[PDB]
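Coming up is one lone chain in structure tokens, specifically the form deposited in one PDB entry.
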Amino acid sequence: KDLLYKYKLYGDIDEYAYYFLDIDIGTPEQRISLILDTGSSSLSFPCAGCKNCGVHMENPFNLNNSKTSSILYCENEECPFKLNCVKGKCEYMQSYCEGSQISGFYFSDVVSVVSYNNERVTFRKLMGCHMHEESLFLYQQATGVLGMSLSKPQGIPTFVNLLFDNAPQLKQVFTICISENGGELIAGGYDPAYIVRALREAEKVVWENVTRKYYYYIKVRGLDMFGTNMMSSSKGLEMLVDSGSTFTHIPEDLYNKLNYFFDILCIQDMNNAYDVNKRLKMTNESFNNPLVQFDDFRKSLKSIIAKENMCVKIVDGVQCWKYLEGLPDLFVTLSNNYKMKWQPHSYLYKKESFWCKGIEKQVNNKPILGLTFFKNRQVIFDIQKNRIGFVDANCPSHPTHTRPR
């Protein structure tokens, strides 16, 4: 019966493409919506005075209205934390892409995290004021970013470490439970009541060791479709467990192999004989990569056709199906040959009435288990034991219209 603090998350894959929560900053409190991002480590948002910032769901944080704010000025041009001194202030600088940056300056102020059961944790945090935004930050609704990764020695103390340092009544575990609409962040553990009820093995958390000290990487040892490992050339692959990534990003070879079969399962018109015939004629020999379970490929194809599970291709050739039924499970191979089921209700996401593929090619050799891997499971960050746990779950769902103010 570990004590759990719970926080509502809002968002989705299609419209927001991230999930966010509300945090109170300053004195008196200014409530700010923040993207929940296990792939970064800062806490930042536009501040009043920014000359090139997007319009977000809240006004920029106003330093002049918070009595507890303290701008981090340079003392004879020297900043802590190896920061750069720019125009008298210690500079905040982040590359949202490989080469492009949000910039501003650092300040500290009080942060207050309140659970929806009215349980409060408060501390001071060194935060970034955006004074220049660009690209997607000019049209994102959320006001800032809440980085959930770990503190490094001699680095700026991060939100997650400060939260637990100031809540010793909690075990040092946080869980993210993403649903199709909204979700929940849990501090202090995971909630076994959310777990979906061989079958007893699927009701149990599967744990993987993190492969880096201060970032949430795990090693993936294979990825199966129709019983066939589609990355057999690679026998370990460090993937970032990243709630700030809309989609799941995989190596190019693996993507092309998977996408080949998803293309076969994507039929625009079930009454077009040429299109249907071409697919039903394919044999095990038709494939560059033969399948170990060709009969399961056939069952998927035949049931998609028989149930008229029509597919529409949208921008960039992404496949969208009318129904989840018929699409295959994928399996992620972890330690000790464990096959973690990755279901269509996770890797496909809701777009209008259809279910669209949420798997993409990596860029810059950055493979990512993103929100289409989080969806409909508890993802459990045990920072005490440096492990991440996974279990299928019925996550809380919160429409954005339920968000106060």
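One rule holds for the numbers: they count along the sequence shown, beginning at 1. The term rigid core refers to the maximal set of C-alpha atoms that superpose within 1.5 Å between the two forms.
The protein also exists as the form deposited in another entry; that form is not presented, and the subsequent description refers to it.
Comparing C-alpha positions between the shown form and the other one after a rigid core fit, one residue in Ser234, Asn256, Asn84, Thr211 moves 2 angstroms or more. It is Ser234. Once the cores line up, the CA of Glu75 ends up less than 2 angstroms apart between the shown form and the other one. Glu98: CA moves 2 Å or more between the shown form and the other one after rigid-core fitting.
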